[PDB]
Amino acid sequence: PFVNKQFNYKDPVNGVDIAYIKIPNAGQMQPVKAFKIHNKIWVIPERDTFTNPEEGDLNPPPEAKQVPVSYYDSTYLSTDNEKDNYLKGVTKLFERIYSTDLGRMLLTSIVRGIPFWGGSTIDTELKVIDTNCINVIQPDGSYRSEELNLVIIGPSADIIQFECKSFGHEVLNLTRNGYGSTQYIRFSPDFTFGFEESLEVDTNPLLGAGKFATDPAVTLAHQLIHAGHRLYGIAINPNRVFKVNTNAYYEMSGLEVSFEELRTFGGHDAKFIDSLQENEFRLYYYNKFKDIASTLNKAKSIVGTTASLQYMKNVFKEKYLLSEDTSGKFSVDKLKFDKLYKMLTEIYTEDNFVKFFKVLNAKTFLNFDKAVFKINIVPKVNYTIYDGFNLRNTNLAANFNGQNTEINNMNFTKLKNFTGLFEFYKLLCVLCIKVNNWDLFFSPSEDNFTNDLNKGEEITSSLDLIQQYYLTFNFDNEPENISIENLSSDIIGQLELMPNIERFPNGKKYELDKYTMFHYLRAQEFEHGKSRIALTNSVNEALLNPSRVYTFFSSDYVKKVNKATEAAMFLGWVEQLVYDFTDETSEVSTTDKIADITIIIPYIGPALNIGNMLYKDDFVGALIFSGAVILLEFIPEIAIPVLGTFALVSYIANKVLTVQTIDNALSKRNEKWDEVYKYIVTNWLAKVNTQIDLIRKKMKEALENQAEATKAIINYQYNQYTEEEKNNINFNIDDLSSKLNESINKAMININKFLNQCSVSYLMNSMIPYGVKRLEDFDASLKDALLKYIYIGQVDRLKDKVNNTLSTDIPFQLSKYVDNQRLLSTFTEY
């Protein structure tokens, strides 16, 4: 196990594994008790008031942070019992992460990744940096400095803001120049992020309603991935922000997401960056690693400890995986460094940890949080090492009911979040309404996507991979805690300076002439008023009178819900309403007049007002007329310029050299096809898939709103009765709620199928042909050039080979480019 001996906040100070410590700070701080849990890893069950002098208070600031959920409470982690609970939770979380294979990989890598000793001015001498060592005070009083790699401190006033911190150098960027530094992780195991999800309906038709609770193991794995990245000095510069346009009303106010976040999240999240930027980052960090190798080569002396040159040379060689030769020449081998970079960049990702834990979690960042939950995971009756919340041999093992906040009510408590539901907003009007900042579309800018297609080019002559990496990994030896000369009494250090993020303006007003989908979504909202709720089809009426609620069903539904009947036929009323709702939500129209669109669901038309046009049948007509363009709020700007014509190098009288040139030309032709396909797929994912995802989520929200509205109407009607009638009927609205939610799911599968078909048909009809035209022109410009190039020996055979190869376009295989069950499933039938 990771934690060898158990720790509690009552053990008297020892001086080896438990001790009062002092960490670097700008001023002077008092010693704080700390528990070492493994080699080079310590924990401080105290609130973060030491590393950040600016964060010297645990009270809510007047300006709320730009985070969808934030819980503030100064009382937490102030009592001894709370500290013991925190220590137990952290130990259990570390054990759970160490249980899995990928977690063991990550923990071994983090323990191995000791920072670099580049604090010396002499070009041939290595000296430890003060900002990477901490002091431990023995009971007698004589403190001793020690190295370390990780520190866990209870979060700051923002109790769920889990952001890694570090102490940098005056002129060096230790987090991105390959030097590395110890990472202080603000982690809290007693709180979790409670979000909603509806993508598991296909695999779990009996998926429960409500939100879901994120496993804290995933959050700790994310923070640990960030710490491991910053330990190896491969983090991306923070100014590389994923810029998003904010001028449009349908555009976000701002989403400060770094490229490091994209790299850490993994999965589809890692596909928002093009291959060019990834290659640039890889080459830049390769240059940094070779610089580090040269620095190791030129260094001859160690000052600060008794450790010899050989031991530290071996330690840093294991840290950076450098190919040192017989003469001690450390070189950055391309293959080993590439494997290490791939492992740290793509293997160590949140998506892989979600797959390994077998827990429900968000796939992209766009489905922001909605609640914060207080949890206790110290007792085994609530959370176990192996399975987590989804305990085995219970009713919570299947369908991920253990992580449900409505089924596992005993383990979760909904706390108050400080960020108001309409605290950050935009004012849209044509009745100026307030639309939440986190409910808006994600619009990437055109600058974030860069390509080298127009540049010329010259011709010369899954879990399986994780298992293989485990079989090829080593867990034999970890770096030792070598004695080091004591540092100063106070470690003077300053946190790494972060780039300033300008406050996004709040309450920007937009004047329009058409009804946005947000207006229609808001028109289907009520306030649980005691007065009778009336359904209507005019969105203007719903948005003016808050008692009225807009509905996109037929007039029969409105008539049926707007009538009045005594308790004699209410028993019939309930079943008629549930049957009509199930019928209308499950309605479908089949057509073949639009390519790749076999389902043309009409009621989407007036629900989200996608077509800017009232009639649903006219929406059917508009869809079969104009393809999947109507769904997208803003048409993405896809532009493939003229491809770089190949430059084959002539080789006179060397026939086999000519053959190698003609083979490399074909290979790079296929690779160019694949790369253009990948670029277009990335554009489709970034600019179109997010819009369809938001439309799907908003349609689910609208359906749930309609169900809640009709449920409120029937509840109000039932409340109007007498007590004897209520007892005789015994109308249990929970059963009807479950029935209507199941009808919502039965409609949701069809809605998912339709939207998946539309989002794949847009790629097949309006994005791929643009590239295919360019590459067909490229083939036309290449075949004649190659024919000129061949003008001795096997002339005829070469001509047949080239004509056969460039006669047909390479087939588009969506499987190799995007890995998702729904998209592949809908692409299969065509």
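Following Swiss-Prot, chain A residues are numbered 2-431, 453-483, 495-824, 831-869, in order.
Every residue gets a Cβ built from N, Cα and C, even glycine.
Residues or ranges marked as Zn(2+) binding site by Swiss-Prot: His223, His227, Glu262. The number of other Cβ atoms within 10 Å of the Cβ belonging to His227 (Zn(2+) binding site), over all protein chains shown, comes to 21.
The feature transmembrane segment is assigned by Swiss-Prot to 627-647 (among others). Away from its own ends, the transmembrane segment (627-647) comes close to residues 547-550, 552-554, 570, 572, 585-586, 617-618, 620-621, 653, 655-657, 660-661, 663-664, 728, 731-732, 735, 783-784, 786-787, 790-791, 793-794, 797-798, 868-869 of its chain (Cβ-Cβ under 8 Å, at least six residues beyond either end).
As annotated by Swiss-Prot, transmembrane segment applies to 656-676 (among others).
Sequence-ordered, the extra residues of this chain that approach the Zn(2+) site, with Cβ no more than 8 Å from the Cβ center of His223, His227, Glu262, are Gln224, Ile226, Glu261, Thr265, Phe266, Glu351. Under the three-state DSSP scheme, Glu262 (Zn(2+) binding site) falls in the helix class. Non-local contacts of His223 (Zn(2+) binding site) by the CB criterion (under 8 A, 6+ apart in sequence, same chain) comprise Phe163, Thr265, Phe266, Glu351, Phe354. Other Cβ atoms within 10 Å of the Cβ of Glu262 (Zn(2+) binding site), summed over all protein chains shown, number 17. Residues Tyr824 and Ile831 bracket an unmodelled region of 6 residues, and their Cα atoms lie at a distance of 7 Å.
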